[PDB]
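Report on the structure given below.
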Amino acid sequence: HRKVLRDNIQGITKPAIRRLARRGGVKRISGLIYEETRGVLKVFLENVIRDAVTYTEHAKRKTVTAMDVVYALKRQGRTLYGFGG
Amino acid sequence: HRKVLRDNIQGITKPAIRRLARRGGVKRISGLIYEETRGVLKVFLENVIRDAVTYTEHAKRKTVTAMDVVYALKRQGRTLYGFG
Amino acid sequence: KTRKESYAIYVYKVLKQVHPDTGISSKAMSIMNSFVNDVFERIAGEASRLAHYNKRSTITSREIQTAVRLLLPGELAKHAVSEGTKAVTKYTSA
Amino acid sequence: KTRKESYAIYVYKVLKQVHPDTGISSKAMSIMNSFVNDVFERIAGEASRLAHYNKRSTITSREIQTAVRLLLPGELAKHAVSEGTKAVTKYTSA
Amino acid sequence: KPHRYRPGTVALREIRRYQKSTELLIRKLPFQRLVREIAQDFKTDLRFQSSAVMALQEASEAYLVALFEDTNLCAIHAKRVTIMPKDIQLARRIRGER
Amino acid sequence: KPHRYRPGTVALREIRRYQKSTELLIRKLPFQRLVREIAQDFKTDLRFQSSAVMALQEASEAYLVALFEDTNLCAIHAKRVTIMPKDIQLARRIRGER
Amino acid sequence: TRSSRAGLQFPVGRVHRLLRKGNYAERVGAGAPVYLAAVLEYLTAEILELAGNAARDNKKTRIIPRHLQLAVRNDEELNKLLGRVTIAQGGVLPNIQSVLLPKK
Amino acid sequence: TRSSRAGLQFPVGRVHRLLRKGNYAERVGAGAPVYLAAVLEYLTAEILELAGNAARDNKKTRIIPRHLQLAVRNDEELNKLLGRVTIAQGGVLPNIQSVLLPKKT
DNA sequence: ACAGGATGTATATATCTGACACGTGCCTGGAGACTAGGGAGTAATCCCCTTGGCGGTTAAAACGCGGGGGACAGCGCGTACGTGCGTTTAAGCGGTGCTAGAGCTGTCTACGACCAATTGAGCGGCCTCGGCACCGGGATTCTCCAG
DNA sequence: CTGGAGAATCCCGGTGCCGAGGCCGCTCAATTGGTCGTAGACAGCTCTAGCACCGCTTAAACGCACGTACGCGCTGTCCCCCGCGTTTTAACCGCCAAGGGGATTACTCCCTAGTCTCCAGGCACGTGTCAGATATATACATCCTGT
Numbered sequence: 018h019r020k021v022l023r024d025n026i027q028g029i030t031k032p033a034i035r036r037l038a039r040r041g042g043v044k045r046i047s048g049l050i051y052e053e054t055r056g057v058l059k060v061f062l063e064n065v066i067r068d069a070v071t072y073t074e075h076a077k078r079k080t081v082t083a084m085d086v087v088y089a090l091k092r093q094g095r096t097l098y099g100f101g102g
Numbered sequence: 018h019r020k021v022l023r024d025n026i027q028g029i030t031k032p033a034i035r036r037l038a039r040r041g042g043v044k045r046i047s048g049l050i051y052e053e054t055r056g057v058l059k060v061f062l063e064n065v066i067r068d069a070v071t072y073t074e075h076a077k078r079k080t081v082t083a084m085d086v087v088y089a090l091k092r093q094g095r096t097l098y099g100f101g
Numbered sequence: 028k029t030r031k032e033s034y035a036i037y038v039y040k041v042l043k044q045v046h047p048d049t050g051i052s053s054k055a056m057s058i059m060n061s062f063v064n065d066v067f068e069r070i071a072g073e074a075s076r077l078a079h080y081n082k083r084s085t086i087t088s089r090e091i092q093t094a095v096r097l098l099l100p101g102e103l104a105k106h107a108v109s110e111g112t113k114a115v116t117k118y119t120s121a
Numbered sequence: 028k029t030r031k032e033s034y035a036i037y038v039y040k041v042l043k044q045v046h047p048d049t050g051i052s053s054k055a056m057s058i059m060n061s062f063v064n065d066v067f068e069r070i071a072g073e074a075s076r077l078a079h080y081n082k083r084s085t086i087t088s089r090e091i092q093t094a095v096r097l098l099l100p101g102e103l104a105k106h107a108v109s110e111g112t113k114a115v116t117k118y119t120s121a
Numbered sequence: 037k038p039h040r041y042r043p044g045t046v047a048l049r050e051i052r053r054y055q056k057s058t059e060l061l062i063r064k065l066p067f068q069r070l071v072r073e074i075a076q077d078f079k080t081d082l083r084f085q086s087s088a089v090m091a092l093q094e095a096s097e098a099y100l101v102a103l104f105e106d107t108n109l110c111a112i113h114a115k116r117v118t119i120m121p122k123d124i125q126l127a128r129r130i131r132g133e134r
Numbered sequence: 037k038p039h040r041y042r043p044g045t046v047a048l049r050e051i052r053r054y055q056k057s058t059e060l061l062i063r064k065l066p067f068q069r070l071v072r073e074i075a076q077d078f079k080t081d082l083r084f085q086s087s088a089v090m091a092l093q094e095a096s097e098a099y100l101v102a103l104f105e106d107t108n109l110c111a112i113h114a115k116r117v118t119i120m121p122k123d124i125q126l127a128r129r130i131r132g133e134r
Numbered sequence: 016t017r018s019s020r021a022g023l024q025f026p027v028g029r030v031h032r033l034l035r036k037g038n039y040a041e042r043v044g045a046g047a048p049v050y051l052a053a054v055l056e057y058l059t060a061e062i063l064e065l066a067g068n069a070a071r072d073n074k075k076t077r078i079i080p081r082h083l084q085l086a087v088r089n090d091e092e093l094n095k096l097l098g099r100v101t102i103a104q105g106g107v108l109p110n111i112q113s114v115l116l117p118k119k
Numbered sequence: 016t017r018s019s020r021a022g023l024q025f026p027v028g029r030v031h032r033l034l035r036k037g038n039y040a041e042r043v044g045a046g047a048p049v050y051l052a053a054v055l056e057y058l059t060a061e062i063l064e065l066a067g068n069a070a071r072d073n074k075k076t077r078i079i080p081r082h083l084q085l086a087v088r089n090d091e092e093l094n095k096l097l098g099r100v101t102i103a104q105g106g107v108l109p110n111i112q113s114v115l116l117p118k119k120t
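Residue numbers (PDB author numbering), protein chains in the order written: chain F, 18 to 102; chain B, 18 to 101; chain H, 28 to 121; chain D, 28 to 121; chain E, 37 to 134; chain A, 37 to 134; chain C, 16 to 119; chain G, 16 to 120.
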C-alpha cells in the first residue's frame with residue numbers, strides 16, 4: 018500500500034505545551050504561544066529527521082533505527098544517552 | 018630570570034570598553050559595566066590560556082606560539098582563522 | 028625553512044577563474060587557507076565516524092556524498108553534489 | 028545471538044566497590060554504558076587531535092594525561108590524573 | 037461556595053508536580069504520526085523502530101523544555117511573570133537559531 | 037554660544053565609525069602585560085610569540101563584542117537603551133556559562 | 016587480568032582494542048589503556064557514589080536514571096563535563112525562580 | 016595531471032595524501048579526493064565570488080579579509096556553515112537595532 | 001490579623017509480579033611469549049627571534065564640569081487566560097495477522113597498499129612596480145539651533 | 001511650523017613605497033605501473049519485528065463561563081552618564097644587546113606492531129525472587145476564605 022498522512026501538527030495539544038511549560042517552570046502562558054511552539058518543534062524535528070534520513074539512506078536500509086537518531090542528535094550537539102552509543 | 022608582574026587588569030581602560038561596545042552597536046553604558054567587563058574578560062582569558070599553556074607544556078617547550086592558542090580556541094568552539 | 032604545504036596558488040587559480048582581473052591580499056589568503064583546512068577536517072571527520080557506523084573500513088565517494096549532505100546547508104549541498112558527480116564521472120570517462 | 032559487549036559488569040563492579048548493598052536499574056545501566064562510551068570518545072578524540080600536532084603518531088599515557096587535563100575541569104582532573112599516575116606506577120612496579 | 041483557588045496555586049503546585057515527575061507526556065500516537073508526516077517529505081514509504089520515536093520524543097522534550105527555561109528567564113528579566121512570543125524569539129536568536 | 041552635540045549623535049555616528057572600521061582596539065602593551073600576568077599563575081617564566089598575543093587579542097575582542105551584541109538585544113528587550121550588569125549576567129546565563 | 020596486573024577493575028585489553036581499532040594514531044603505546052581505564056574508573060566511581068547517596072535519599076535500593084539526572088546536575092564539575100548531554104528519563108532539578116514564589 | 020584527468024584545479028594527490036595520513040580509515044577508496052576536491056572547489060569559488068562582487072561594490076581591486084567578513088556574513092547558508100568561526104581583521108557587518116535609530120519627523 | 005473546611009499530600013500495610021541479580025555453558029578475544037624495524041628520546045649546535053632597555057613624541061587616557069534624558073516607581077484600565085465543570089472523543093490497550101526487510105552467512109570478485117623507479121611542480125629566494133594609503137585641498141550633506 | 005553656521009564626510013590629485021605579484025632554481029612528492037589479500041558488492045534465506053486492523057474503556061482533550069490580575073501606557077522625578085575642554089601621561093616607535101630557547105640534523109636504541117596458540121571472562125541464556133507500583137486506609141501541612 019501507500020498511505021497519506023495530513024495535518025498532524027495540531028496533534029501537539031494545547032495542554033501538552035502547557036505541561037512542558039509546567040516542567041520548565043513557566044507560570045502563565047500567553048495567547049499565540051502555541052502556534053510558535055508548534056513551529057519551533059516543527060523546525061527542530063525537520064532538521065533532526067532530515068539528518069536521520071541521511072543517516073539511513075546511506076546504509077541503503079528502509080527502516081530507521083534508534084542508533085540513527087542518537088547519532089543525528091550527537092552531531093547537532095544535543096547528545097542523548099539511553100539508547101546506545 | 019626574575020620577572021615579576023601584578024595589577025594589569027585596570028589597564029583595559031574605560032574608553033577601550035566603550036570602543037568595543039560601540040563596535041558591538043551599544044549606545045549608552047552604565048557605570049558598573051566596566052568592572053564586570055574586566056571580570057568577564059579575565060574569566061575568558063583564564064580559560065583560554067589555561068588551556069593554551071597545557072599545549073605549550075606538552076611539547077615541553079617554554080614559548081607559547083600562535084598555533085597553540087588557535088588550537089586551544091578551536092577546541093572551545095571559538096575557531097579563529099588567520100594564524101594557521 | 029622546512030617546506031610547509033599550502034593551498035595559496037590554488038586559491039589564486041580559482042580567483043583567476045571567477046574574477047580574472049582582481050587582486051587578493053596576503054592575510055586574506057591565509058584566511059582562505061585556514062578555511063580550506065577547517066572544512067577539510069570537518070568532512071574528513073564526518074567521513075571517519077560516518078564510515079565507522081556502518082562497520083566499514085573504507086572511505087569512498089558515497090560516504091563523502093552523505094557527509095557533504097550533512098554539513099552543507101541545502102542549496103549549498105545540491106550544487107556541491109552536482110559538481111561532485113560531474114567530477115567523478117568526468118574523471119571516470121578517461 | 029550476535030554478541031555485542033558493554034561495560035555493565037564493570038559498572039556493576041564499581042557500584043559494588045562504592046555502595047555495595049545497593050543495586051542498579053537497567054535504563055540507568057545503559058545510560059552509564061553510553062556515558063562511558065561518550066567520555067571514552069572525547070578522551071580518545073582529544074588524544075588524536077593532540078598527537079596530530081606534535082608530528083607524532085603514538086598515543087602513550089602522557090598524552091592521555093594532558094588530554095584529561097584539558098577535558099575534566101579542575102578538582103576531578105587532579106584526582107583523575109593522580110589515580111592515573113597511581114595506575115601507571117602501580118602497574119610497572121609489579 | 038466556589039471551592040476555587042487563585043490563578044497560580046494550581047500553577048505552582050503543578051510546577052512542583054511536573055518538575056517532580058519524569059515520564060513522557062506528549063501522546064505517543066499523535067507524536068508518532070507527526071514524526072512520520074514530517075518524515076514523508078524527504079523520502080517516502082518509511083518504517084520506524086518504536087524506540088527511535090521515543091528518542092525523538094526525548095529530543096522534543098529536552099529542546100522545548102530548555103527553550104522555556106531560557107524564555108522564562110527572558111520574560112522575568114522584563115519584570116513580567118508571563119512569557120510571550122517575542123521572548124521565544126529572543127532566546128532563539130541568543131542561542132543562534134536563525 | 038557654547039557648541040555641543042546631543043546625547044546620541046556622538047553615539048550613533050561613532051557607532052557608524054567603530055562598526056565600519058576593522059582594526060584592533062585595546063592597546064598592545066597593557067594587553068600583553070595582562071596575558072603575561074594571567075599566564076604566570078599556571079606556569080612560571082613563559083614566553084610569547086607576538087602574533088599569539090595578537091591572536092588572544094582578536095578572539096578576546098570578538099567574544100566581548102558578541103557579548104555586547106547579545107546583551108544589547110537583552111536590554112532592548114526590556115524597553116531600555118542602556119546596558120546594565122544584570123543584562124550581561126542574563127546573556128551569559130543563556131549562552132550557558134553560569 | 017591485566018587489571019590485576021595494575022590493581023583496577025576495568026578491561027585493559029578491551030579498551031586497548033578500542034584504542035587500536037578506531038584509527039586514532041598509527042600505533043598505541045603500552046601504558047595508555049591502563050591510564051585511561053584508571054581515569055574512567057575514577058569518573059564512574061564518584062558519579063555512582065553521588066547516585067548512591069542521592070539514591071538513598073529516595074530511600075530506594077535501585078538507582079534509576081532520575082538519580083543519575085540530579086546526581087550529575089548537583090555537582091558543578093560533573094555538570095560542566097556533561098552540560099550538552101541530555102539524559103533520557105531524567106527530568107529537571109527543582110529550580111524555581113524566586114519571583115514565582117508566593118510572597119505575601 | 017589527475018586534476019586534468021578530472022578537469023579541476025585542485026591537488027588530488029595532496030588532498031589524497033591528507034586523507035590517508037590522518038587515520039580516518041585503514042583503506043581509502045579510488046575516487047574519493049576527486050569528489051572532495053570538487054566540493055572544496057565549489058566552496059572556494061563561492062566565497063571568492065562573493066568577495067569579488069563585494070570587492071567591486073566597495074571600490075577596491077583586491078580582496079582584503081574585511082570583504083571576507085561581509086562576503087560570508089551576507090549569504091545565509093555560508094553563514095550557517097561558518098557560524099561558530101571568527102575570522103581575524105573582520106569586524107562586524109553593519110547592524111543597527113531599530114530603537115537606536117533616531118525618532119525624528 | 002486567627003480559625004476551620006478541606007484538601008491535597010505525606011505515612012504504614014499488603015500484594016502480586018516481574019526486572020534484576022544470579023547460576024550454567026561456551027568460545028574467542030585477552031593475553032603471553034617472542035621478533036624487528038622505526039619512532040622517538042637524547043645531544044649538541046645554529047641562529048634567530050624573543051626579551052630588555054633607553055630616549056623622544058604624543059594620541060590617548062584621566063579628570064573636572066555642565067546638563068538632560070533614561071530608568072523606574074506609581075497607577076489606572078483593559079483583556080486574556082487560568083480554573084473548573086459538563087461533553088466528547090479518540091488514545092491506550094490488547095489481542096490478532098501478515099509479510100518486508102534487518103540481519104546472517106556464504107560467494108566471488110574487483111580494488112587499495114608495497115615497492116620502486118621517474119620527474120615536473122609547487123615552493124623558497126629574489127626582484128619590481130601600481131594600488132592603497134595618505135596627506136592635501138575642496139564641495140556636499142546633515143545636524144542642530146534658530147525662526 | 002521651516003531655514004542658515006558649521007562641522008563632519010565625501011570627491012579628486014600627486015607620492016611613495018612597499019607589499020602583491022611574478023620569475024628562476026630546485027628537492028620530492030606526485031605519478032605510473034604493476035601485484036594481492038581482502039573488504040565488500042551481491043544472492044538468498046529467515047524470521048522477527050514493524051505495520052495493519054478491530055473492539056472497549058476511558059483519561060484526556062475540548063469547549064463554555066468568569067474574573068481578576070497581569071500587561072502596559074502615562075507621569076513625574078532624579079542622576080548617572082554623555083559630551084567636551086585641559087592636563088598628563090604613559091603607549092608607540094627606532095634602535096641598540098644579549099642570549100635562551102626553538103628548529104635541525106644526527107645518533108642510538110628501546111618498544112610497540114605483528115604471529116600463533118591457549119584458555120577463562122564475559123556474555124548469551126534460563127530463573128525466581130524482594131523492590132516497587134498500586135491500592136487502601138489513614139492522620140498531617142498549608143491554602144483559603146471569613147472572621
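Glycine included, each C-beta is placed from N, C-alpha and C at the ideal position.
Can you tell me the Cβ-Cβ gap for residue i and residue j, rounded? I've got them flagged as a contact below 8 angstroms.
| i | j | result |
| --- | --- | --- |
| residue 38 of chain G | residue 91 of chain C | Contact doesn't hold; Cβ gap of about 35 angstroms is too wide. |
| residue 27 of chain C | residue 52 of chain C | 6 angstroms |
| residue 117 of chain E | residue 44 of chain F | 6 angstroms |
| residue 76 of chain B | residue 89 of chain B | That pair is no contact at about 13 angstroms. |
| residue 104 of chain D | residue 73 of chain D | Residue 104 of chain D to residue 73 of chain D, Cβ: 13 angstroms. No contact. |
Where residue i and residue j are concerned, what is the direct C-alpha to C-alpha distance, given to the nearest angstrom?
| i | j | result |
| --- | --- | --- |
| residue 103 of chain G | residue 120 of chain G | 40 angstroms |
| residue 129 of chain A | residue 32 of chain H | 42 angstroms |
| residue 125 of chain A | residue 82 of chain B | 33 angstroms |
| residue 34 of chain C | residue 59 of chain D | 20 angstroms |
| residue 61 of chain D | residue 53 of chain D | 12 angstroms |
| residue 23 of chain B | residue 61 of chain B | 18 angstroms |
Indicate the three-state DSSP secondary structure (helix, strand or coil) for residue i in the structure shown.
| i | result |
| --- | --- |
| residue 40 of chain A | coil |
| residue 104 of chain A | helix |
| residue 42 of chain H | helix |
| residue 98 of chain B | strand |
| residue 55 of chain B | helix |
State the beta-bridge partners of residue i as determined by DSSP.
| i | result |
| --- | --- |
| residue 85 of chain H | G:42 |
| residue 101 of chain G | B:97 |
| residue 46 of chain F | E:119 |
| residue 78 of chain C | D:51 |
| residue 81 of chain F | E:84 |
For the candidate residues the options, whose alpha-carbon lies nearest to that of residue i?
| i | options | result |
| --- | --- | --- |
| residue 26 of chain B | A:99, A:72, A:88 | A:72 |
| residue 59 of chain A | G:63, G:96, G:80, G:44 | G:80 |
| residue 45 of chain E | F:31, F:19, F:39 | F:39 |
| residue 83 of chain G | G:57, G:63, G:24, G:95 | G:63 |
| residue 99 of chain F | C:116, C:105, C:68, C:44 | C:105 |
| residue 77 of chain C | D:46, D:78, D:28 | D:46 |
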